[PDB]
Each structure stands twice: as C-alpha cells, then as structure tokens.
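Worksheet for the structure shown next.
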Number of protein chains: 2
Amino acid sequence: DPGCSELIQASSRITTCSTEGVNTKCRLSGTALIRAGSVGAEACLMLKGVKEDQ
Amino acid sequence: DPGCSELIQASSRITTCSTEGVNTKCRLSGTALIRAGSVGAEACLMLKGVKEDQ
C-alpha cells in the first residue's frame with residue numbers, strides 16, 4: 001500500500017549517456033550502495049540523464 | 001572588468017537541437033527573463049545540448 005521512503009542520487013563516474021536519433025540511451029556499469037527502509041517502505045532510486053526532464 | 005555574475009538555466013521547451021554531419025546544432029526561439037548585473041557585473045546565460053562538452 002505505501003510507496004517510497006529513501007531517495008538518494010546516484011554517482012556519475014559509472015553513468016554515461018549517448019544520444020542517437022533524438023533519443024538518449026544511457027549506459028550503467030558499476031557498483032553502488034543504497035539504504036534500505038523499514039517495513040512497508042521502499043528503497044527507491046532515481047537517476048538523471050543529460051536533461052532535466054528525462 | 002569582472003566576469004559573469006547572474007547565471008540562470010535555459011528553458012528546454014523552447015530550445016531544439018539536431019545533429020547534422022557530426023555537428024549537433026541547436027536553435028533558440030523564445031523569451032527568457034534574467035536579473036541584470038550591477039556596475040561591472042555581467043548577465044550571462046547558460047545553454048546545454050545533448051552531451052557534456054557542448
């Protein structure tokens with residue numbers, strides 16, 4: 001029933017992107033750590049691309 | 001004498017871009033409000049594209 005709880009920002013050393021045919025295809029290859037919540041909570045994560053809307 | 005001072009981002013809804021001949025060109029068509037600088041300061045504007053160096 002509930003949703004997310006902890007939201008952190010991913011790193012940029014292992015996050016690259018590329019635009020082909022007016023479309024940004026980002027590549028992810030590395031290892032990151034995230035904090036887990038309590039019961040019901042969700043360990044969500046967001047990522048930003050080359051723009052502010054994608 | 002001094003460089004830029006008041007810096008603000010640009011609106012992506014009125015800014016389009018296209019890649020032609022390995023040259024990602026962009027066009028600007030719209031209005032934007034920014035605060036003017038003081039005596040000697042500058043009113044610079046930031047503009048991005050699809051990569052990190054453009």
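Every chain in the structure tokens has a letter given in the order shown (A, B, ...), and although residue numbers restart at 1 in each chain, ligands are simply numbered from 1 in the order shown.
In chain A, the set of residues within 12 Å of chain B (atoms considered: only C-alpha atoms) is residues 12, 16, 17, 18, 19, 20, 21, 22, 23, 24, 25, 26, 49, 50, 51, 52, 53 and 54 of chain A.
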Print the selection's residues with N, CA and C atoms to a file, as an mmCIF file, in the first residue's frame.
```cif
data_model
loop_
_atom_site.group_PDB
_atom_site.id
_atom_site.type_symbol
_atom_site.label_atom_id
_atom_site.label_comp_id
_atom_site.auth_asym_id
_atom_site.auth_seq_id
_atom_site.Cartn_x
_atom_site.Cartn_y
_atom_site.Cartn_z
ATOM 1 N N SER A 12 28.121 9.609 -10.844
ATOM 2 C CA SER A 12 28.330 9.914 -12.252
ATOM 3 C C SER A 12 29.587 9.282 -12.829
ATOM 4 N N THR A 16 27.171 6.863 -17.922
ATOM 5 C CA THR A 16 27.379 7.593 -19.161
ATOM 6 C C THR A 16 26.128 7.497 -20.026
ATOM 7 N N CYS A 17 26.006 8.432 -20.965
ATOM 8 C CA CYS A 17 24.836 8.505 -21.828
ATOM 9 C C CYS A 17 25.273 8.816 -23.252
ATOM 10 N N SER A 18 24.346 8.615 -24.187
ATOM 11 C CA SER A 18 24.600 8.877 -25.595
ATOM 12 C C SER A 18 23.269 9.087 -26.302
ATOM 13 N N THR A 19 23.246 10.028 -27.241
ATOM 14 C CA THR A 19 22.046 10.369 -27.992
ATOM 15 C C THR A 19 22.188 9.882 -29.427
ATOM 16 N N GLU A 20 21.226 9.076 -29.876
ATOM 17 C CA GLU A 20 21.222 8.537 -31.233
ATOM 18 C C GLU A 20 19.805 8.634 -31.780
ATOM 19 N N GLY A 21 19.619 9.451 -32.814
ATOM 20 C CA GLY A 21 18.315 9.614 -33.427
ATOM 21 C C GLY A 21 17.320 10.331 -32.537
ATOM 22 N N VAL A 22 17.762 11.422 -31.910
ATOM 23 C CA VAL A 22 16.953 12.206 -30.980
ATOM 24 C C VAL A 22 16.409 11.279 -29.899
ATOM 25 N N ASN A 23 17.314 10.598 -29.195
ATOM 26 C CA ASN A 23 16.940 9.674 -28.132
ATOM 27 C C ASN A 23 18.161 9.334 -27.288
ATOM 28 N N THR A 24 18.111 9.656 -25.998
ATOM 29 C CA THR A 24 19.253 9.458 -25.115
ATOM 30 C C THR A 24 19.246 8.038 -24.563
ATOM 31 N N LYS A 25 20.243 7.245 -24.952
ATOM 32 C CA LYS A 25 20.444 5.897 -24.432
ATOM 33 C C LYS A 25 21.596 5.944 -23.435
ATOM 34 N N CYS A 26 21.275 5.812 -22.152
ATOM 35 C CA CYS A 26 22.281 5.861 -21.101
ATOM 36 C C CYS A 26 22.762 4.458 -20.753
ATOM 37 N N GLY A 49 19.423 12.036 -16.401
ATOM 38 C CA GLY A 49 20.148 11.890 -17.648
ATOM 39 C C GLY A 49 20.841 13.165 -18.075
ATOM 40 N N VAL A 50 20.909 13.368 -19.394
ATOM 41 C CA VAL A 50 21.549 14.563 -19.941
ATOM 42 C C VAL A 50 20.661 15.793 -19.875
ATOM 43 N N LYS A 51 19.389 15.631 -19.532
ATOM 44 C CA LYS A 51 18.439 16.731 -19.435
ATOM 45 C C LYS A 51 17.826 16.756 -18.037
ATOM 46 N N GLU A 52 16.905 17.695 -17.829
ATOM 47 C CA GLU A 52 16.229 17.841 -16.548
ATOM 48 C C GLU A 52 14.856 17.181 -16.517
ATOM 49 N N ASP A 53 14.342 16.738 -17.664
ATOM 50 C CA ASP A 53 13.043 16.079 -17.725
ATOM 51 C C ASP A 53 13.140 14.571 -17.899
ATOM 52 N N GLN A 54 14.191 14.081 -18.552
ATOM 53 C CA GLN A 54 14.370 12.646 -18.735
ATOM 54 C C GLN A 54 14.805 12.010 -17.421
#
```
Please return the superposed copy of chain B as a PDB file with C-alpha atoms, in the first residue's frame; the fit should be least squares onto chain A across all sequentially paired Cα atoms.
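Final file, selection03.pdb:
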```pdb
ATOM      1  CA  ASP B   1       1.292   0.118   0.269  1.00  0.00           C
ATOM      2  CA  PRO B   2       3.332   3.357   0.620  1.00  0.00           C
ATOM      3  CA  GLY B   3       5.621   4.660  -2.092  1.00  0.00           C
ATOM      4  CA  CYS B   4       9.338   5.404  -2.015  1.00  0.00           C
ATOM      5  CA  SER B   5      11.156   6.368   1.178  1.00  0.00           C
ATOM      6  CA  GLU B   6      14.963   6.153   1.045  1.00  0.00           C
ATOM      7  CA  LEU B   7      16.096   8.107  -2.026  1.00  0.00           C
ATOM      8  CA  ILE B   8      19.718   8.770  -2.996  1.00  0.00           C
ATOM      9  CA  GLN B   9      21.480  10.155  -6.051  1.00  0.00           C
ATOM     10  CA  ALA B  10      23.492   8.105  -8.542  1.00  0.00           C
ATOM     11  CA  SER B  11      27.198   8.322  -9.307  1.00  0.00           C
ATOM     12  CA  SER B  12      28.008  10.080 -12.584  1.00  0.00           C
ATOM     13  CA  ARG B  13      31.511   8.581 -12.824  1.00  0.00           C
ATOM     14  CA  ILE B  14      30.053   5.119 -13.542  1.00  0.00           C
ATOM     15  CA  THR B  15      27.060   6.309 -15.615  1.00  0.00           C
ATOM     16  CA  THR B  16      27.438   7.158 -19.308  1.00  0.00           C
ATOM     17  CA  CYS B  17      24.872   8.463 -21.782  1.00  0.00           C
ATOM     18  CA  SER B  18      24.561   8.894 -25.538  1.00  0.00           C
ATOM     19  CA  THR B  19      22.030  10.390 -27.952  1.00  0.00           C
ATOM     20  CA  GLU B  20      21.089   8.237 -30.954  1.00  0.00           C
ATOM     21  CA  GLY B  21      18.103   9.047 -33.149  1.00  0.00           C
ATOM     22  CA  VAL B  22      16.747  11.858 -30.935  1.00  0.00           C
ATOM     23  CA  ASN B  23      16.727   9.358 -28.045  1.00  0.00           C
ATOM     24  CA  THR B  24      19.270  10.077 -25.299  1.00  0.00           C
ATOM     25  CA  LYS B  25      19.973   6.594 -23.943  1.00  0.00           C
ATOM     26  CA  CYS B  26      22.066   5.837 -20.865  1.00  0.00           C
ATOM     27  CA  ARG B  27      23.922   2.815 -19.500  1.00  0.00           C
ATOM     28  CA  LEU B  28      24.499   1.749 -15.893  1.00  0.00           C
ATOM     29  CA  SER B  29      27.626  -0.191 -14.910  1.00  0.00           C
ATOM     30  CA  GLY B  30      28.842  -0.080 -11.323  1.00  0.00           C
ATOM     31  CA  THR B  31      28.010  -0.586  -7.672  1.00  0.00           C
ATOM     32  CA  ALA B  32      25.993   1.627  -5.344  1.00  0.00           C
ATOM     33  CA  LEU B  33      25.107   1.416  -1.652  1.00  0.00           C
ATOM     34  CA  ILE B  34      21.711   2.460  -0.288  1.00  0.00           C
ATOM     35  CA  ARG B  35      19.813   2.013   2.969  1.00  0.00           C
ATOM     36  CA  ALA B  36      16.996  -0.529   2.888  1.00  0.00           C
ATOM     37  CA  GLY B  37      13.482   0.511   3.846  1.00  0.00           C
ATOM     38  CA  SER B  38      11.395  -0.617   6.793  1.00  0.00           C
ATOM     39  CA  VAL B  39       8.164  -2.661   6.754  1.00  0.00           C
ATOM     40  CA  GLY B  40       6.254  -1.428   3.704  1.00  0.00           C
ATOM     41  CA  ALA B  41       8.775   1.242   2.713  1.00  0.00           C
ATOM     42  CA  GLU B  42      10.684   1.259  -0.575  1.00  0.00           C
ATOM     43  CA  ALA B  43      14.352   1.623  -1.542  1.00  0.00           C
ATOM     44  CA  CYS B  44      14.101   3.719  -4.701  1.00  0.00           C
ATOM     45  CA  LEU B  45      17.002   5.096  -6.738  1.00  0.00           C
ATOM     46  CA  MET B  46      17.252   8.366  -8.671  1.00  0.00           C
ATOM     47  CA  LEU B  47      18.833   8.599 -12.127  1.00  0.00           C
ATOM     48  CA  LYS B  48      19.270  11.658 -14.345  1.00  0.00           C
ATOM     49  CA  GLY B  49      20.580  12.280 -17.841  1.00  0.00           C
ATOM     50  CA  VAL B  50      21.360  15.439 -19.803  1.00  0.00           C
ATOM     51  CA  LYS B  51      18.023  17.319 -19.689  1.00  0.00           C
ATOM     52  CA  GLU B  52      15.444  18.150 -17.003  1.00  0.00           C
ATOM     53  CA  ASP B  53      12.671  15.752 -18.091  1.00  0.00           C
ATOM     54  CA  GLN B  54      14.728  12.587 -18.729  1.00  0.00           C
TER      55      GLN B  54
END
```
Looking only at the backbone, which of the residues in segment 6-52 of chain B does DSSP tag as strand (DSSP E or B), as a PyMOL selection string?
chain B and resi 6-8+15-19+24-28+43-45
Next, write the just-selected residues to a file, as a compact mmCIF listing (two decimals), in the first residue's frame, keeping N, CA and C atoms as the atom set.
```
# COMPACT_ATOMS: atom_id res chain seq x y z
N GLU B 6 25.31 36.91 -12.63
CA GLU B 6 23.97 36.32 -12.59
C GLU B 6 23.86 35.27 -13.69
N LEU B 7 23.80 34.00 -13.29
CA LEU B 7 23.71 32.89 -14.22
C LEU B 7 22.43 32.11 -13.94
N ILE B 8 21.71 31.77 -15.01
CA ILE B 8 20.46 31.03 -14.91
C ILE B 8 20.39 30.04 -16.07
N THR B 15 13.76 25.23 -26.80
CA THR B 15 15.10 25.03 -27.35
C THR B 15 15.16 23.65 -27.99
N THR B 16 15.38 23.62 -29.30
CA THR B 16 15.51 22.38 -30.04
C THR B 16 16.94 22.20 -30.53
N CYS B 17 17.29 20.95 -30.82
CA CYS B 17 18.63 20.62 -31.28
C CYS B 17 18.55 19.52 -32.33
N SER B 18 19.59 19.44 -33.16
CA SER B 18 19.65 18.43 -34.21
C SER B 18 21.11 18.19 -34.57
N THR B 19 21.42 16.95 -34.93
CA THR B 19 22.77 16.54 -35.30
C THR B 19 22.83 16.34 -36.81
N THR B 24 26.22 18.57 -33.73
CA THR B 24 24.94 18.76 -33.05
C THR B 24 24.67 20.26 -32.92
N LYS B 25 23.84 20.79 -33.82
CA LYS B 25 23.47 22.19 -33.79
C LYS B 25 22.16 22.37 -33.04
N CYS B 26 21.97 23.58 -32.50
CA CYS B 26 20.78 23.90 -31.72
C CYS B 26 20.24 25.26 -32.17
N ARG B 27 18.95 25.46 -31.93
CA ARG B 27 18.26 26.69 -32.29
C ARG B 27 17.56 27.25 -31.06
N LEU B 28 17.54 28.57 -30.95
CA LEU B 28 16.91 29.27 -29.84
C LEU B 28 15.77 30.13 -30.36
N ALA B 43 25.54 39.68 -17.13
CA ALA B 43 24.29 38.93 -17.14
C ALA B 43 24.43 37.81 -18.17
N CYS B 44 25.12 36.75 -17.78
CA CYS B 44 25.41 35.64 -18.68
C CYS B 44 24.30 34.59 -18.63
N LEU B 45 24.18 33.84 -19.71
CA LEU B 45 23.16 32.81 -19.85
C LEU B 45 23.82 31.47 -20.15
```
